[PDB]
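Notes for the one structure printed next.
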There are 2 protein chains.
Amino acid sequence: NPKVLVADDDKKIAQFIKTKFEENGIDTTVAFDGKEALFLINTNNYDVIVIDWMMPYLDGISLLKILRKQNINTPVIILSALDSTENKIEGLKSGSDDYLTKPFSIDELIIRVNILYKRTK
Amino acid sequence: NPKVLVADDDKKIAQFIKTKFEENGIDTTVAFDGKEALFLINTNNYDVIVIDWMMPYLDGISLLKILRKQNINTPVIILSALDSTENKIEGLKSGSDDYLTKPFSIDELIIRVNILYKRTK
Ligand SMILES: [Ca+2]
Ligand SMILES: [Ca+2]
Ligand SMILES: [Cl-]
Ligand SMILES: [Cl-]
Ligand code: NA
Ligand code: NA
Ligand code: NA
Ligand code: NA
């Protein structure tokens, strides 16, 4: 099973994602803000990381930039309310492997998680 | 009259702000994205600058950081949908003189424009 971290402060959305991921073959840990996410990412191995764009302590893009500075190169998917092409490009340049605008498709998110897991062996 | 630039890509909100400002004694120029705002700020003198948090080409915080790097110290008010205290603090540390969460009060915005104009003689 892919091992994935999901970081969002919206507990309903986080629970929804976790339920759908574990329905499929994806073992999922939830972090409810950027501080907990940073800690978990630095003390556990994940195959893919799914990060919401806005949470307490560290927003998603800021956490991603910290990770890439730390030479943590785990595949990252950003979930963001900033839906312009310019903001998608900024998220990708910041080091994300994909960038899904909200409202997002859970089916697409699961497929992209699996694609990234397959690519990173 | 205070001379003020208002930057937002939402034309209805920009027009509303301009109407209320000019009703009061505030001469107002509108810029509809961050590129036009940057150009106008570098080619005109303004007493106060009101910047929306998200627009094409340059978001409000990024424009503010560019301005403060350029040693342009004109008072800036940020209008933002990011309403947590943490995000307000980040906006202030980025160089803004005030930070109003949306939905904002036009009456408060006018009063704060006038306070900043009075303080900068
Ligand atoms: Ca969130
Ligand atoms: Ca806007
Ligand atoms: Cl956007
Ligand atoms: Cl917020
Ligand atoms: Na499981
Ligand atoms: Na932040
Ligand atoms: Na006028
Ligand atoms: Na930006």
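Taking +1 at the Cβ of each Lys and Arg and -1 at the Cβ of each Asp and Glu, which of A:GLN70, A:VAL6, A:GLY95 sits farthest along the dipole of chain A towards its positive end, judged by Cα position relative to the Cα centre? Sorting the options by dipole projection puts first A:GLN70. Computed on segment B:1-60, the Cα convex hull volume stands at 60 Å³ per residue.
Computed over the alpha carbons of chain B, Rg followed by Dmax gives 12.8, 34 Å. Set the bar at 28 Å for Cα to Cα. Now go through A:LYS20/B:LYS102; A:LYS65/B:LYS93; A:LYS65/B:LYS65 and name every pair that lies beyond it. Check vs 28 Å cut-off fails for A:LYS20/B:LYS102. With label points set 7 Å from Cα along Cα→Cβ, the inter-copy distances at A:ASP10 are 1.8 nm, sorted shortest first.
Give me Rg/Rg_expected for the protein assembly as shown, where Rg uses Cα atoms only and Rg_expected = 2.2 N^0.38 Å with N residues. Before the final figure, lay out each step's value.
Numbers: Rg = 20.7 Å, N = 242, 2.2 N^0.38 = 17.7 Å.
Against the empirical 2.2 N^0.38 Å value, I get 1.17 for the protein assembly as shown.
For neighbour counting, all protein chains shown are included, and Cβ atoms are generated from backbone atoms with ideal geometry for every residue, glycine included. Taken together, the values in this text are just the output of simple stated rules run on the coordinates, not laboratory data.
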